[PDB]
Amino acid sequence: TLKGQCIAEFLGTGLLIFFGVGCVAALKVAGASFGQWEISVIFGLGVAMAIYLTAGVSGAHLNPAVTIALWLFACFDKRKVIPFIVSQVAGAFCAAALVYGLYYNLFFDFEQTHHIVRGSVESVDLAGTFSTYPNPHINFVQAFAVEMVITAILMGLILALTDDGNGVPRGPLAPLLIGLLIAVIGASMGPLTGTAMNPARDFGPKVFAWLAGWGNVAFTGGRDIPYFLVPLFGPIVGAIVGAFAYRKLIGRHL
């Protein structure tokens, strides 16, 4: 049932945000030690768990970009597209609120101790606990290219890993492998844009952060062109390119 699938997409997208935003909060306001690979693998494995938990019900999209791509290249029912996307964004938003609720005291004490005014340009760093912001050395277009390229890779390898006509079928290994994939994408490109590669994963938490006191910078990142647009559209375009590329360069040869 569609209602059941939306609930699963809501929970699954929320789960991956819980683990992902959770470890970044630990890093930023709890003083926990994590390198780039550690934060990346925790997020990737968290996604794997979200898939194992929802694959049997909704097919585990947990990403607006994947939903749209599966509709354009995998015959996914277009009538379930928007319900899926709303469920995903809502799930991400709620999980972000939940993580903030559990780490509540650490955020304030950290802001007090380091004299950080929530909502100021300098608070964009802590807002980074919930969503992504560009590296100081790159611009809007540069960041857009990164998100596009990585989501194309994301979609392409997801189809490859779940394509039973490509080499030996992965079976129950698929979700795990998809998580490991997300881990290497995050570790190799994360310093540039935080590798959002998922509109719901970024927008939902940004809306929460906006409501929780970070204000307008939660959306703009303090840049001339509102940054939120990159994590919102870059992945959608990328996922489409990736799906197309797989069927044309790899599928058409299997």
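We number the residues from 1 along the sequence you see.
**Q** Out of 74-82 and 105-113, which stretch has the higher average CA B-factor listed in the record?
**A** Taking the mean C-alpha B-factor of 74-82 and of 105-113, the larger value falls to 74-82.
**Q** When the C-alpha temperature factors are averaged for each of 89-97 and 164-172, which stretch ends up with the higher value in the entry?
**A** Stretch with the greater average CA B-factor: 164-172.
**Q** From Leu159, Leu181, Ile150, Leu126, pick the one with the largest CA B-factor in the entry?
**A** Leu159 has the highest C-alpha B-factor of those listed.
**Q** Out of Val57, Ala212, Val47, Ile185, which one has a C-alpha B factor higher than all the others in the entry?
**A** If I rank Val57, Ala212, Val47, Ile185 by C-alpha B-factor, first place goes to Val57.
**Q** Rank-wise, by C-alpha B-factor, drop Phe144 into the lowest, middle or highest third of its chain.
**A** For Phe144, whose C-alpha B-factor we compare with every modelled residue in the chain, the answer is the middle third.
**Q** Can you tell me whether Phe18 has a C-alpha B-factor in the lowest, middle or highest third compared with the other modelled residues of the same chain?
**A** CA B-factor rank for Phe18: lowest third.
**Q** Which third, lowest, middle or highest, does the C-alpha temperature factor of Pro64 belong to within its own chain?
**A** CA B-factor rank for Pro64: middle third.
**Q** Would the CA B-factor of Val230 place it in the lowest, middle or highest third of its chain?
**A** Within its chain, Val230 is a middle-third residue by C-alpha B-factor, going by the deposited values.
**Q** Compare the C-alpha B factor of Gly190 with those of the other modelled residues in its chain, then answer lowest, middle or highest third.
**A** CA B-factor rank for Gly190: lowest third.
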